[PDB]
Number of protein chains: 4
Amino acid sequence: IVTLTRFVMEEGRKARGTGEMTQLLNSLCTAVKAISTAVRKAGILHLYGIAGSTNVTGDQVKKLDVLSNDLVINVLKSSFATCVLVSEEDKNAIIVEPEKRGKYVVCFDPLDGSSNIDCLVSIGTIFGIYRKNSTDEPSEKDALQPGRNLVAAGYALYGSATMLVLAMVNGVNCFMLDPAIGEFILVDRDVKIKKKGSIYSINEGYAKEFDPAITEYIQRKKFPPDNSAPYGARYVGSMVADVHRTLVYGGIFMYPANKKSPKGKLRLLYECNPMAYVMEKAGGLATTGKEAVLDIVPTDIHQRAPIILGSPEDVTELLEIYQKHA
Amino acid sequence: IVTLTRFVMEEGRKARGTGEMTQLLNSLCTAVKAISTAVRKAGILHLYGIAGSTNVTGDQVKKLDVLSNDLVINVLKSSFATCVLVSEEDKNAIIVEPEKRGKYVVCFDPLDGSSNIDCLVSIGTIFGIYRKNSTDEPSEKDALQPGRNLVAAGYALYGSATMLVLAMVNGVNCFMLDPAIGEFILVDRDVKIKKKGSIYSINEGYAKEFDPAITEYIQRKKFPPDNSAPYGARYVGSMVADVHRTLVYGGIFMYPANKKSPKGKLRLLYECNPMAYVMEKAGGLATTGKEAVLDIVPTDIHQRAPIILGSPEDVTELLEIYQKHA
Amino acid sequence: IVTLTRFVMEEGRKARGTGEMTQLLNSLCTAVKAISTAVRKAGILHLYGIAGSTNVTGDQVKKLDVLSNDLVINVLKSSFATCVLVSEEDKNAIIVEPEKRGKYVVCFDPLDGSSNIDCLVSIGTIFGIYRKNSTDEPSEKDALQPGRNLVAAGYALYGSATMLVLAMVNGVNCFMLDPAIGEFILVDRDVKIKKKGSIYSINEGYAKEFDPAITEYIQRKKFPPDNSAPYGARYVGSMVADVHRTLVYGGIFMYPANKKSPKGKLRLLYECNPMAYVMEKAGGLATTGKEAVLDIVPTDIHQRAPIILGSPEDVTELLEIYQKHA
Amino acid sequence: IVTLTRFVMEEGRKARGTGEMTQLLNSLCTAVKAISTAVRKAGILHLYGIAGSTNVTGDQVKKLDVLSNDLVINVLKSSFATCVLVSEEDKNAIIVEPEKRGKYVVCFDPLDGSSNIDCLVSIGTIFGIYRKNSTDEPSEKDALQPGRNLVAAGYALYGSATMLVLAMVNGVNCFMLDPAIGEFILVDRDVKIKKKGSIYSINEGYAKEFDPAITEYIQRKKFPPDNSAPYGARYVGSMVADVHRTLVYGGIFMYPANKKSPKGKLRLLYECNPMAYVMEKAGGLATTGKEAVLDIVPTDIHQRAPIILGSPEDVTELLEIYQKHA
Ligand SMILES: Nc1ncnc2c1ncn2[C@@H]1O[C@H](COP(=O)(O)O)[C@@H](O)[C@H]1O
Ligand SMILES: Nc1ncnc2c1ncn2[C@@H]1O[C@H](COP(=O)(O)O)[C@@H](O)[C@H]1O
Ligand SMILES: Nc1ncnc2c1ncn2[C@@H]1O[C@H](COP(=O)(O)O)[C@@H](O)[C@H]1O
Ligand SMILES: Nc1ncnc2c1ncn2[C@@H]1O[C@H](COP(=O)(O)O)[C@@H](O)[C@H]1O
Ligand SMILES: O=P(O)(O)OC[C@H]1O[C@](O)(CO)[C@@H](O)[C@@H]1O
Ligand SMILES: O=P(O)(O)OC[C@H]1O[C@](O)(CO)[C@@H](O)[C@@H]1O
Ligand SMILES: O=P(O)(O)OC[C@H]1O[C@](O)(CO)[C@@H](O)[C@@H]1O
Ligand SMILES: O=P(O)(O)OC[C@H]1O[C@](O)(CO)[C@@H](O)[C@@H]1O
Ligand SMILES: [Mn+2]
Ligand SMILES: [Mn+2]
Ligand SMILES: [Mn+2]
Ligand SMILES: [Mn+2]
Ligand SMILES: [Mn+2]
Ligand SMILES: [Mn+2]
Ligand SMILES: [Mn+2]
Ligand SMILES: [Mn+2]
Ligand SMILES: [Mn+2]
Ligand SMILES: [Mn+2]
Ligand SMILES: [Mn+2]
Ligand SMILES: [Mn+2]
């Protein structure tokens, strides 16, 4: 009954804004439908495989990585809503040409879940949007803001259905892509996560690298001291799918620092911050183990951060173990 | 270039068959496209939620469970290829009315991955097909054959794209649904699994219930005795998605017996056997820990079995630990 | 490469407008995709047949008439771009509720070609858009402006492909709906009609009712005095399809006054004016036989007018015959 | 509820056939969906325009002509149901390679309505199917049978929706393509044309070339001697669209001989015969003016014939005028 565009317009209708945000999200939706279309038949389009280079954080580049990067960059330029673009796929920020320049900075991972592409598991797109603040010429530094400054963030999940989850100041809403008329339609309004869940999600292949707090925490999930039933384990291996399930079912998702990676793996600007902002707008928590993800001031557009997120009593329980081992 | 129908006809073209198998798979494809269509927009169709009963193995029944069960049963009847139908959703086998009766028995899970429906993770449909052997009137007993007797088995995966994986006597092929013309198109021919992989997939929330062989096996994945890199962990929580990844990337998927479930959870007829047959046709192995899944003679259409499957050196390694603890 | 939204924004980008027009056309596109979707499978949705009433001009109301009317009205309200709506399906103008009120008046035929629905011939949607001028409370009178005041007009054609043809002050462009990603994509830029064509389009079943100018004109098409080849006849029987072909191939389309209908059949506000404006922006002409369609000041939202349109040398030839018989 | 495949199988189920016909129509449906898909977005695929040659009857070849010809030929080969193929696009019959040879001869117009492609009016595909009779090696002569020998004929109409109309010995049924699941679904069962209609359909641009019977007949449609209301005129200019409307609304469609074309324009094998067979199975009539289309023994695969078809009292009325002028 309500499309994403309708919803957002009937909203900024309040914020009394200039409709730029609305253009920005309209454009992104177009990118997102196009990626979704290609993804649901990638093998028929021969879109599996590498594109033959390595990106800034050292990921081998897949064909969908390239295709989805070009779609997002292009639609964002043509929106007239943006001035600085940070993409996981590009070493440096992309400044938008003056004539198409708009007020927003957008950090995004055009296709998240690379390792899961060829086995047809859920993958997604992640974005976070900042208002340019400085009056300087637009530059890479306009992307170096803490997540606490986000005006909007969320992700497209190409899962069993394609969902656009969009968090802004007042709350989180889910919009499902109807493939027939190619519109995103509101299906979940003002989403809130459960206070406590019963699923934990981490790659246990890193057991030998985990610090003692994560180690103790996982052990308590398997052998609860109060004799409750042990938590269920889930780890899809695509951040967007695992975080989405954490949102709608509750529980906790972890990609902590470990002995080989003092700052974890996941990227602060375009993986960790958008998901922490979604989680916080749903009443959840997102921490590194020692500080709120959203309060970290980045110094590098490609910097990494540990992230633990989801239901606040689950995350709090893990915080108390870190504090304990501090 | 090659659709599933073309492929199968150009095949039985050899087996010199009566084209019944081809009708059977044509019909199933129609069910599968219809379920795929509903699934990619389930929330817009209001198809999330329970249907308000409990099935034979004790699963709470979801709306998609019902919809997908009715589609599969209906298309299979109308195929003229079948005589006995076993569905996870129905307490008893369904005998097909004489006028539509054909020679095949079909065991199927019309929608697998229930727990993952509402969080939009991959779900699927699983099927295995037997030739009726007895000359008796068709009855439930015609479904009580070991998996070694399968003539065809496989599954539809509603993941990032919709894939139909179809194993028959000569090998395994993957066909991707092209949503545009609504045909399944051949994308992977004569699939073979790697001899050894580097991903393990099990719900570790059951740690406290695992027997000593599974326990030792998981510990070796995390701390390899030969100092290699530890295996990666993946557990999507839908059998079809986890098995599919095991197929195309190699490694091992486990749902073993445990202290509460001497026969594991997954159902022999319509979960374990179709996947073991796929795996064996790809050169992989599928065991309970003590015997080949495909050799078990069922006594109950809803009976459970432990299953460990995937790359033969991974499964063999786990067999040797069981033997050791025997 | 260029969607309708992109195109229109990169345009008003010039007119330096408030983006209201852009919202208006975005919304309309959503209506249009939805109608297109229903239309391409109307029989499967049981959408053929009457809805069981008679409209203001006396048309028996079809199911698609109702469905398409509700979609257009709804999306136009929710656009915040409109204040007065005139629809062929509603006796009176619909005033938009203050909170959703915008500056534009929109006259539209939500589904044109009724007689052709059940035989699956091309049908369409027609619209014309006026700026509210008065400062009075919005009322029916704001729709009573001559076509010369249009700021935008055009039509969606549900033909072999779905095309959105959009005329504004600077020219006419065609955008084709890509069903896959559900976006309208620019396919024909700055369309101009040929100066002279070689197809005439009129219902000759009305021969006995035609005035002497139309009669002489048709006879000259069949027996050209200069011995050229006779014009080809085409009459699809849906105004949108016949006018569209007149646009892209040139020639003339006629629905003149006749002995039973001094003002023809087609409705001035939402059939004749939008098509005359398109034609004039393409360099064509649109007349009643005695005056320019676009200069008629309506007194009735449902009033009829004769219309002759297309290539200027064809229309001019017919004007000269009227003048001759004057 | 009933797909084309289901319907046809539940039919030959009676004729007790070998399922070859069913394979043949399955294959054709796949061609037809593929052409439909391309057609609904032809401009986005750049598929408008000529392919740069002239075909046997002298038509300039369009891109869709080529694409649709290759799809039909390919799917028909791979069906194992055919041995000789006649296409409007190929000078000579195509003999199928022994290994894929089946018992049927198929004459088809892979894309009918060329002149209407670029203006997005309805176009279609026409087919007629004969059993090979001789025991000779298959050759062009196996296509030279009268239409009275057809076992099946009909057409796909790419109009406002895509319809497959299929006539066989017992009657005519319509199946609508559901774009969502890509199946043709039964929407009109055992179609019969009205005995008398009230629409005439002919290109009147040929007035100066019509014989006296056609001339008198058209004049009576415009000035009925019994004072009834004059017939409505319709002429879409694509045979498939005009014939389809004649079927579902009744009336008459004419492409007669004229002074320049003693045998009319339309091709006997793959335009006239399939449509005459459909019409006769619906209780209608199809004549040249002097003999039944279906009884003409062709001598040339590309030969032309006059055709007048539709409601039997309309066609009969025109027959009586020919007899009168004989
Ligand atoms: N459609 C909208 N929904 C919610 N907030 C909006 C919207 N548009 C603008 N805003 C907020 O108000 C400010 C001005 O918005 P705008 O100028 O319309 O991009 C932005 O920084 C947003 O934080
Ligand atoms: N299309 C096919 N592809 C592969 N094997 C087939 C096919 N059709 C039949 N068979 C095999 O040959 C036997 C006869 O097949 P049918 O009678 O055509 O169902 C069956 O039991 C199958 O095991
Ligand atoms: N996207 C656009 N393309 C072309 N003209 C526009 C556009 N937006 C506005 N205009 C024109 O400029 C005026 C202000 O437009 P707006 O206020 O944006 O609706 C309108 O009356 C239009 O005639
Ligand atoms: N599915 C069917 N529906 C109607 N008639 C059929 C069908 N299959 C076969 N026939 C008729 O019976 C004969 C044998 O059909 P078949 O051998 O199945 O192609 C053909 O020449 C057809 O005229
Ligand atoms: O294989 P790992 O080390 O568990 O990493 C998986 C993670 O990496 C990512 O693919 C991004 O690199 C995430 O989507 C996911 O959460
Ligand atoms: O939550 P658990 O106990 O790990 O069970 C998950 C398994 O159950 C199933 O949903 C079937 O019941 C499988 O698809 C999946 O492999
Ligand atoms: O049947 P007639 O009198 O030729 O009218 C056909 C005309 O009527 C309309 O359906 C609108 O009423 C137009 O789309 C078309 O041009
Ligand atoms: O332009 P004409 O001479 O009326 O011919 C139109 C006819 O030609 C065809 O395009 C086939 O050549 C038919 O589809 C249609 O009935
Ligand atoms: Mn990456
Ligand atoms: Mn990522
Ligand atoms: Mn990425
Ligand atoms: Mn279940
Ligand atoms: Mn299951
Ligand atoms: Mn199930
Ligand atoms: Mn009407
Ligand atoms: Mn109309
Ligand atoms: Mn109308
Ligand atoms: Mn031609
Ligand atoms: Mn033709
Ligand atoms: Mn043709």
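Start at 1 and go down the list; that is how both ligands and their atoms are numbered. Convention: sequence-line order gives letters A, B, ...; per-chain numbering from 1. FYI, side chains are in, hydrogens and waters are out, and symmetry mates aren't considered; it's all heavy atoms of this structure.
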Check your understanding: Would B/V165 and B/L247 satisfy side-chain contact (heavy atoms from CB on, under 4.5 Å), going step by step from the backbone distance to the final call?
Key -> CA-CA 10 Å; B/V165 173; B/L247 188 55; 4.0 Å; yes
Check your understanding: Given the rule in the side-chain hydrogen bond (donor to acceptor under 3.5 Å, both in side chains) test, do A/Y249 and A/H244 qualify, once you have shown the distances and angles that lead to the verdict?
Key -> CA-CA 8 Å; A/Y249 291 359; A/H244 191 69; over 6 Å; no
Check your understanding: Taking it one step at a time, do B/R304 and B/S261 satisfy side-chain hydrogen bond (donor to acceptor under 3.5 Å, both in side chains)?
Key -> CA-CA 9 Å; B/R304 297 181 194 272; B/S261 312; over 6 Å; no
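Protein heavy atom at the shortest distance from atom 8 (O) of ligand 8 is D/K265 NZ, 3.1 Å. Nearest protein heavy-atom contact of atom 14 (O) of ligand 8 is D/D112 OD1, 2.5 Å. Scanning all protein heavy atoms for the shortest distance to atom 6 (C) of ligand 8 gives D/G237 O, 3.6 Å.
Here the shortest heavy-atom pairing between A/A51 and A/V66 reads CB-CG2, 3.6 Å. The two residues A/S68 and A/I35 have their closest heavy-atom pair at CB-CD1, 3.5 Å.
A salt bridge does not link D/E209 with C/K222: none of the charged nitrogens is closer than 4.0 Å to a carboxylate oxygen. Ion pairing of D/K62 with D/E89 is absent here, as no side-chain N (NZ or NE/NH1/NH2) approaches a carboxylate O to less than 4.0 Å. Residues A/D59 and A/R267 are paired through a salt bridge, judged by an N-O separation under 4.0 Å between the basic side chain and the carboxylate.
Within A/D112, the N, O or S atom lying nearest to the Mn ion (ligand 10) carries the name OD1. Looking only at its N/O/S atoms, A/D109 has OD2 as the one nearest to the Mn ion (ligand 10). The N, O or S atom of A/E271 lying closest to the Mn ion (ligand 10) is OE2.
In this structure, A/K221 fails the cation-pi test against A/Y200, since its NZ or CZ atom is not both closer than 6.0 Å to the six-membered ring centre and inside 45 degrees of the ring normal.
For ligand 6, none of its N or O atoms has an N or O atom of B/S238 under 3.5 Å away. Remark: ligand 6 and B/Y235 share an N or O pair separated by less than 3.5 Å (distance only, no angle test). For ligand 8, none of its N or O atoms has an N or O atom of D/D59 under 3.5 Å away. Considering both main-chain and side-chain atoms, B/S115 never comes within under 3.5 Å of ligand 6 through any nitrogen or oxygen pair. The N/O atoms of B/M239, backbone and side chain alike, include one that comes under 3.5 Å of an N/O atom in ligand 6.
For ligand 8 and D/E271, the ligand atoms under 4.0 Å from any heavy atom of the residue are 11 (C), 12 (O). Remark: ligand 8 atoms within the under-4.0 Å shell around heavy atoms of D/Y255 are 2 (P), 3 (O), 4 (O), 5 (O). Atom numbering of ligand 8 starts at 1 in the shown order; those under 4.0 Å from a heavy atom of D/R267 are 11 (C), 12 (O). Less than 4.0 angstrom separates some heavy atom of B/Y206 from each of these atoms of ligand 6: 3 (O).
A donor atom on one side chain and an acceptor atom on the other are found under 3.5 Å apart for A/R234 and B/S115.
Contact between C/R234 and ligand 8 is present, with at least one heavy atom of the residue lying under 4.0 Å from the ligand. Ligand 6 lies less than 4.0 angstrom from a heavy atom belonging to B/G113.
A/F253 and A/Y235 have parallel rings, their planes meeting at less than 30° on a 0 to 90° scale where 60° marks the start of perpendicular.
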